[PDB]
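Worksheet: one structure, shown below.
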Amino acid sequence: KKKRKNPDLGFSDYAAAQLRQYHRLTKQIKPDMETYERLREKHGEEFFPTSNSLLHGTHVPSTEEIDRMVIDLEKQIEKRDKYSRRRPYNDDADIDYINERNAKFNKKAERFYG
Amino acid sequence: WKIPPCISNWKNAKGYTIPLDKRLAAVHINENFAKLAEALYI
Amino acid sequence: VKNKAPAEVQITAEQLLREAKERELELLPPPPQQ
């Protein structure tokens with residue numbers, strides 16, 4: 001059995017959050033060594049190109065593949081859509097604001113003047 | 001590096017309500033006054 | 001006829017602010033979907 005934890009911190013740079021998300025997505029993927037070997041026995045030495053070494057024009061993908069990336073796109077898009085968790089419209093406390101822009105400005109002022 | 005917002009006492013461009021407290025926030029006396037005043041009483 | 005006599009609760013400010021807040025004066029009705 002296995003165990004780990006990862007706590008959230010400051011967004012410090014957009015890079016940090018991006019990196020966390022990449023970690024998760026990367027861990028998810030599971031590759032088929034079948035297709036890997038199939039692709040391998042055709043091309044051989046072309047498999048291991050340096051930045052500058054080797055070249056074959058284009059690798060054309062079966063559509064079924066393309067569907068995988070499209071699906072992952074939609075998933076990540078949703079997960080990103082949920083970035084900001086909204087606090088429910090609570091009327092219970094005292095109202096001094098005149099509109100929602102004013103309500104939010106009063107909230108930002110509450111953070112900076114204690 | 002966070003920048004507080006300004007609430008001015010002159011400009012309220014959008015007409016926003018701010019509580020008196022946050023609206024608000026954004027003496028010496030020498031010791032020779034005693035010697036002068038008491039010298040005068042005497 | 002007028003009767004001057006101490007009222008019951010009061011007309012404290014927050015009440016004015018809440019009533020003006022609920023006057024919604026001109027938020028706007030939404031542009032109609034057609």
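Identifiers for the structure tokens are assigned positionally: chains receive A, B, ... in sequence, residues are indexed from 1 per chain, and ligands are indexed from 1 in the order shown.
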
(request) Write out as a ChimeraX atom specification the residues lying within 12 Å of stretch 76-78 of chain A, counting only C-alpha atoms and excluding same-chain residues fewer than 3 positions away. (result) /A:18,21-22,24-25,69-73,81-83

(request) Pick out the chain C residues within 12 Å of chain B. Count only C-alpha atoms. Give them as a count of residues only. (result) 6

(request) Kindly give the distance, in Å, that separates atom CA of residue A:88 and atom CA of residue A:14, rounded to a single decimal. (result)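 Separation between atom CA of residue A:88 and atom CA of residue A:14: 26.8 Å.
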
Once you count only C-alpha atoms, what closest atom pair and distance in Å to one decimal does each residue of chain A within 6 Å of chain C have, with rows by chain and rising residue number, as JSON lines?
{"residue": "A:95", "atom": "CA", "partner": "C:18", "partner_atom": "CA", "distance": 5.6}
{"residue": "A:96", "atom": "CA", "partner": "C:17", "partner_atom": "CA", "distance": 5.7}
{"residue": "A:98", "atom": "CA", "partner": "C:21", "partner_atom": "CA", "distance": 5.1}

Those residues with N, CA, C and O atoms, as a short mmCIF file (atom, residue, chain, number, x, y, z; two decimals), in the first residue's frame please?
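Printed below is again35.cif as written:
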data_model
loop_
_atom_site.label_atom_id
_atom_site.label_comp_id
_atom_site.auth_asym_id
_atom_site.auth_seq_id
_atom_site.Cartn_x
_atom_site.Cartn_y
_atom_site.Cartn_z
N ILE A 95 -25.28 45.41 5.49
CA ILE A 95 -25.11 45.91 4.10
C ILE A 95 -24.76 47.39 4.17
O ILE A 95 -25.58 48.15 4.69
N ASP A 96 -23.56 47.76 3.72
CA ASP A 96 -23.20 49.19 3.66
C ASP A 96 -23.00 49.58 2.19
O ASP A 96 -23.23 50.73 1.86
N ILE A 98 -23.56 49.74 -2.06
CA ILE A 98 -24.71 50.15 -2.91
C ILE A 98 -24.83 49.23 -4.15
O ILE A 98 -25.87 49.30 -4.79
#

(request) Per DSSP on the backbone, filter chain A down to the residues in alpha helix (DSSP H) and report them as a VMD selection string. (result) chain A and resid 14 to 28 33 to 43 63 to 81 100 to 112

So that each row is one residue of chain A with an atom at most 7 Å from chain B, can you give its shortest atom pair and the distance in Å to one decimal, using only C-alpha atoms, rows by chain and rising number, as CSV?
residue,atom,partner,partner_atom,distance
A:96,CA,B:17,CA,6.4
A:97,CA,B:17,CA,5.5
A:98,CA,B:16,CA,6.7
A:102,CA,B:16,CA,5.6
A:106,CA,B:18,CA,6.5
A:112,CA,B:4,CA,6.2
A:113,CA,B:22,CA,6.5
